[PDB]
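K.L.:
Sharing a structure with you now.
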Amino acid sequence: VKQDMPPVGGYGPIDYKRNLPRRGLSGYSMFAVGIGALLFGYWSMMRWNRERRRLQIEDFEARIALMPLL
Amino acid sequence: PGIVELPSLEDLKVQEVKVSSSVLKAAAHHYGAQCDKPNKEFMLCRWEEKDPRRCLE
């Protein structure tokens with residue numbers, strides 16, 4: 001006879017359980033990364049803002065020099 | 001009231017510095033350094049007289 005049957009040793013394994021691998025970093029790591037990014041941004045902003053203030057002072061004194069003729 | 005006094009058109013005639021604004025801005029600092037005394041005298045006269053008709057010279 002010929003029918004639809006499983007083999008002698010059966011079929012392979014079949015999963016039925018929830019699989020969540022829990023990928024990622026701990027909270028301390030991401031918080032430290034954020035704090036370091038904030039500090040780097042603050043330092044770069046302080047340097048560029050001081051330079052921009054000096055440039056603005058230079059332009060203002062240029063206007064001071066040009067004022068009496070106008 | 002009184003008639004407003006205005007200087008004639010011959011008194012205001014002077015050869016103007018006919019350059020662009022960027023020309024003035026490019027040489028602003030050396031102009032401020034070198035020609036400082038007559039500009040300072042003129043602006044002191046302007047702040048002490050409160051009248052453009054008395055600061056023409």
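All residue names refer to the structure tokens as shown: chains lettered A, B, ... in order, residues numbered from 1 in each chain, ligands numbered from 1 in order.
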At a cut-off of 8 Å, list the chain A residues touching chain B, using only C-alpha atoms, as a ChimeraX atom specification.

P.N.:
/A:62-63,65-66,68-69

K.L.:
Rounded to one decimal place, report the atom CA of residue 64 of chain A-atom CA of residue 52 of chain A distance in Å.

P.N.:
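Here the two named atoms are 18.3 Å from each other.
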